[PDB]
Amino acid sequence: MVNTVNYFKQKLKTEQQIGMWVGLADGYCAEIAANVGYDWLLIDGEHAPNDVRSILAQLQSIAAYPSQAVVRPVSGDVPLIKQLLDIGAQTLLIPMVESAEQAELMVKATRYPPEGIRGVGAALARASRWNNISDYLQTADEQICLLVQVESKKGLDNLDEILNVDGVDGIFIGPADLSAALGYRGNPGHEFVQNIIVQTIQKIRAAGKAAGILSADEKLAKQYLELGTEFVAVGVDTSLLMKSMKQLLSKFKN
């Protein structure tokens, strides 16, 4: 067998990829999302009740479908990154990255020694298909994609420095965490926040990195796509489930 090609990583340079947030934390729900035709699915280990084993079930579900899986760990924890790479997550979104030093550590966390600090256990890993991918340890690093979140004042204070880190493929802006950090909690739509987001996207693309964002607002998501943003998540499964059920009930009952 040949290593699974990371099409998400390749497409960061060739097209704009439309994403769905997956927080229903279940292999059955993830499979429903995988049937829709999103370019990417974010399996959220930070803000949904997921662990390594529930994330594996969702990778196994999504694997039969063209949608590319991206996993967000709860934090930039090097041992947890090791675990998520070994179950076969090829794209990671690291929350709350705030320095070049932390971004460089996240690069090393995704690469085998001697250049990186990714722990070696290919005989045990779904990532290598338990060594049925016979050249895994030489081909693995090429198909790993590292995305970091800038979503704090300290992150913005270190943006130029993070954008200079080789091996950071993309910077994702987190509008909920960023608007809260800026004193606009629950109000990312404010001009003060939006002006910072737009300038940040422009800086990311000017440094030759992919820019990413989530907005469940159709008009903001389309504006971000017009700016050239490479990976845009346009909704959240928990939100779509709750809203569709509320909208339906409102046709019959107040």
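Just count from 1 along the sequence shown to find any residue number.
The stretch 201 to 209 shows the higher mean C-alpha B-factor when 30 to 38 is compared against 201 to 209 in the entry. In this entry, the higher average B-factor at the C-alpha atoms falls on 129 to 137, of the pair 129 to 137 and 102 to 110.
The PDB entry assigns its highest CA temperature factor, among 58, 50, 67, 223, to 223. Remark: of 164, 83, 149, 91, 164 shows the highest value [criterion: C-alpha B-factor in the PDB entry]. Ranked by Cα temperature factor within the chain, residue 75 sits in the lowest third according to the deposited record. In this PDB entry, the Cα temperature factor of residue 187 sits in the top third of its chain's modelled residues, the highest group. In the PDB entry, residue 168 places in the highest third of its chain by CA B-factor. Among the modelled residues of its chain, residue 43 has a C-alpha B-factor that falls in the lowest third, as given in the PDB entry.
In this PDB entry, residue 15 carries a Cα temperature factor that places it within the highest third of its chain's modelled residues.
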